[PDB]
Amino acid sequence: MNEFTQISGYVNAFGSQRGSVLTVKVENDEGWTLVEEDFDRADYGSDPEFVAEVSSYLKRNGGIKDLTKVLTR
């Protein structure tokens, strides 16, 4: 059911979907998932909210946009 899929436009972030709720993780160049979050759409009031908040969260948590930066805040 759950299947991590690499997110287009991030260093190595994967969004594994699991029945409405999405697992949005961020991996470094080291292949290590630096942080990982799960977001169920029942938390939000809209899908756009969700997709915005979701990819923006992993972004703010470790997801570097297409550029791949080994930084780690």
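Dipole size in debye (nearest 20) for the chain around its Cα centre, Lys and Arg Cβ +1, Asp and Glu Cβ -1?
I would put it at about 240 debye.
Could you give the length gained on full extension between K65 and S8, defined as 0.36 nm per residue of separation minus the Cα-Cα distance, in nm?
Numbers: separation 57, 0.36 × 57 = 20.52 nm, distance 0.86 nm.
The span from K65 to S8 would gain 19.7 nm if fully extended.
Report note on the peptides 2-13, 37-48: ranked by the mean count of other C-beta atoms within 10 Å, highest first, their order is 2-13, 37-48.
Sorting the segments 18-26, 59-67 by their residues' average number of neighbouring beta-carbon atoms within 10 angstrom, most packed first, yields 18-26, 59-67. Our analysis of the chain gives Rg over Rh at 0.97, with the two radii drawn from alpha carbon positions and Rh computed by the Kirkwood formula. On the basis of the beta-carbon distance and an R0 of 22 Å, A52 and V21 show a calculated FRET efficiency of 0.85. Each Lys or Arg adds one and each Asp or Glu takes one away; over the other residues whose Cβ falls under 11 Å from the Cβ of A13, this sums to -1. Spin-label pair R73-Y44: with each label point 7 Å from Cα along the Cα-Cβ axis, the two points sit 1.9 nm from one another.
What net charge is computed for the residues neighbouring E3, neighbours being all others with C-beta under 13 Å from the C-beta of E3, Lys and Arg scored +1, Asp and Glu -1?
With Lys, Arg at +1 and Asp, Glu at -1, the neighbours total +2.
Every number here is computed from the coordinates shown, using simple stated rules; none is lab data. Every residue, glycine among them, receives a Cβ derived from its backbone with ideal geometry; neighbour counts consider all protein chains shown.
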